[PDB]
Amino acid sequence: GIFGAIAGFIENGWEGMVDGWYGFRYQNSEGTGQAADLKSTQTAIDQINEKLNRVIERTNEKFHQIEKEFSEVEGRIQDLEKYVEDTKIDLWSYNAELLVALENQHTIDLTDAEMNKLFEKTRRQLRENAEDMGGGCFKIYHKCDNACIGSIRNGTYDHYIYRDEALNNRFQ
């Protein structure tokens, strides 16, 4: 995909994450854990759910139309009736093929984007206190217990209070 997160710098998905589409796993002195990210999950779902409704009109009633099957040959008028119907069908069949391919492309791209955006959001919070290990993992260079991990997850992490400690660990 275009951002290179899903099936990219993140090696694979987690079958063990059932309460969210995106999330975190962490390891510190208190052990290992996992938690879903609700906002990224919701953003993706909102875009995907019933997405065709944005382009495909609510199905309306159609009633009497033209004949489309014929029991005898007639020539000119019947040729035209058949041609009109064949033409209509071919155009709608093309529309359907294109729409599905376009929508599917958009779905893959927007879910890859959410993954990358969550990663960039986390990177920015951490500032100089962590390094990108590759694989979508951060090495955090200070003591970072479950409450601290929690502050990263809910976006209230304060890099300033750990910076001195982190810089010394990173560079000495």
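All residue numbers are counted from 1 along the displayed sequence.
Colleague: Comparing 83-91 with 70-78, which stretch shows the greater average C-alpha B-factor in the deposited entry?
Modeller: According to the PDB entry, the answer is 70-78.
Colleague: When the Cα temperature factors in the entry are averaged, is it 119-127 or 53-61 that ends up higher?
Modeller: Looking at the recorded C-alpha B-factors, 53-61 comes out higher on average.
Colleague: Should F24 be placed in the lowest, middle or highest third of its chain by the C-alpha B factor in the entry?
Modeller: Within its chain, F24 is a lowest-third residue by C-alpha B-factor, going by the deposited values.
Colleague: Quick check on the deposited entry: does the C-alpha B-factor of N146 sit in the lowest, middle or highest third of its chain?
Modeller: Top third by C-alpha B-factor.
Colleague: Among the chain's modelled residues, which third holds the C-alpha B-factor of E30?
Modeller: Highest third of the chain for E30's C-alpha B-factor.
Colleague: Would you mind checking where the Cα B-factor of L38 ranks among the modelled residues of its chain, as the lowest, middle or highest third?
Modeller: Within its chain, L38 is a highest-third residue by C-alpha B-factor, going by the deposited values.
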